[PDB]
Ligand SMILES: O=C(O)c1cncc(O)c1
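Quick heads-up: it's one chain on its own, the form deposited without the ligand, in structure tokens.
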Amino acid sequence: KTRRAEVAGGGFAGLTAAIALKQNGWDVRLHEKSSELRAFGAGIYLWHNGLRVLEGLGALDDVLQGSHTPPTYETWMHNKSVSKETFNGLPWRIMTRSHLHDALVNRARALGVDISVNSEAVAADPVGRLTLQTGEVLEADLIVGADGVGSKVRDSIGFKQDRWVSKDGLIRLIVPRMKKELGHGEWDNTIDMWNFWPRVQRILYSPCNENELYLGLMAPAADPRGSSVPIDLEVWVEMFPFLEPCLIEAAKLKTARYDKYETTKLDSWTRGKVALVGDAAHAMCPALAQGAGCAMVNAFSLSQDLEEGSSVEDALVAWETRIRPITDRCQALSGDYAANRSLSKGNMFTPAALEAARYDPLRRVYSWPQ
């Protein structure tokens, strides 16, 4: 009859998969383990590739309204501007995580995607059986493992993998823009503010709209003050005095967390009727701001390959073969950028760095040449 998909995970990968499948006439249920649908991480960047996914999902309008494209992506080293990049017109956007989340959830609900909260996938069978923590066993023609770095859809089946959790991380927050209080400057810009002296402290400054500012405060875990939550106001104001008004607001946040970086890589993304998408398959370093971009492109591309009249099993194999190398290359380059601190030099959004961003999943070609 009507093809049935069960999607595990209510993040950006899972919502993208669910919407894309529902648009193509699948009956879709999405399962979120948490008690409510929420997106963590404060803010997020999307690029052309991700914006094209949103267009394909019919969720672009709600995203662009109330989000921001900075006039330029600027990099500082020790308070000296070292580069300003605009990517030869390649579209990009900054927004709060909740803003993107809301657009996707609203679109899924409008389409009639069934959503279950407090519903955790704990086992998946490649023949198309999904077991929830409740003991309910669902039969489906497709099972999507969009359940994050700790994917149980993945681990119940067994996928050869390398995972890494870093010792280091960052504190991500949303604070008021305080634009007037920042005084003279280019405060609508993205500004990646690097320092190695007198200490290793960095802030990625990311306006989301006229009201909200996304800050990432990065210091090594071995730095007891820089890695402290709620933030140690003094050590941040000392090295970023021009952001004092915003940092004062940041210091009020008792919910602040020092989140560590984490990566996953698998030899394969499929097993029978099961496809792994997003961080379940390819969590990467955030240097190129493509973790969700690739997750969304991959989820959308999955729906495309399922429209070819092949068996689900064959479509899934074809899907990975077609789409995975863009992600493998992006993940590898992101990890290398992170390790070499490449972004600190500025002008590092090269044609190769922008490969993932340049991909248009709708037409399946690369656009916005560099």
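Residues carry their position along the shown sequence, with the first being 1.
Unshown form solved in complex with the ligand; subsequent notes refer to it.
Undergrad: Consider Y359 of the chain shown here, and say whether it contacts the ligand in the deposited bound form, taking contact as heavy atoms within 4.5 Å.
TA: It does not: once the ligand is placed as it appears in the deposited bound form, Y359 has no heavy atom within 4.5 Å of it.
Undergrad: Would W236 count as touching the ligand in the deposited bound form under a 4.5 Å heavy atom rule?
TA: Outside the cut-off, so no.
Undergrad: Residue-level contact is defined here as any heavy atom of the residue lying within 4.5 Å of the ligand in the deposited bound form; does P286 satisfy this criterion?
TA: Contact with the ligand, yes.
Undergrad: Is there a heavy atom of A318 no more than 4.5 Å from a heavy atom of the ligand in the deposited bound form?
TA: Result no; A318 lies far from the ligand in the deposited bound form.
Undergrad: Mind telling me which stretch in 105-113, 82-90, 202-210, 223-231 gets its heavy atoms within 4.5 Å of the ligand in the deposited bound form?
TA: Selected range: 202-210.
Undergrad: Between the ligand and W26, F300 and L306, in the deposited bound form, does every residue show a non-hydrogen atom at 4.5 Å or closer?
TA: Looking in the deposited bound form, the three residues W26, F300 and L306 all stay beyond 4.5 Å of the ligand (heavy atoms).
Undergrad: Just to confirm, with a 4.5 Å cut-off on non-hydrogen atoms, which of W76, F242, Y261, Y258 contacts the ligand in the deposited bound form?
TA: Looking at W76, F242, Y261, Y258 one by one, just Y261 meets the 4.5 Å heavy-atom criterion.
Undergrad: Would you mind picking the one in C246, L142, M193, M218 that has a heavy atom within 4.5 Å of the ligand in the deposited bound form?
TA: The residue from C246, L142, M193, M218 that makes the contact is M218.
Undergrad: Which of the residues spanning 322-357 lie within 4.5 Å of the ligand in the deposited bound form, based on heavy atoms?
TA: Going through 322-357 in order - heavy atoms within 4.5 Å of the ligand in the deposited bound form - the hits are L343, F349.
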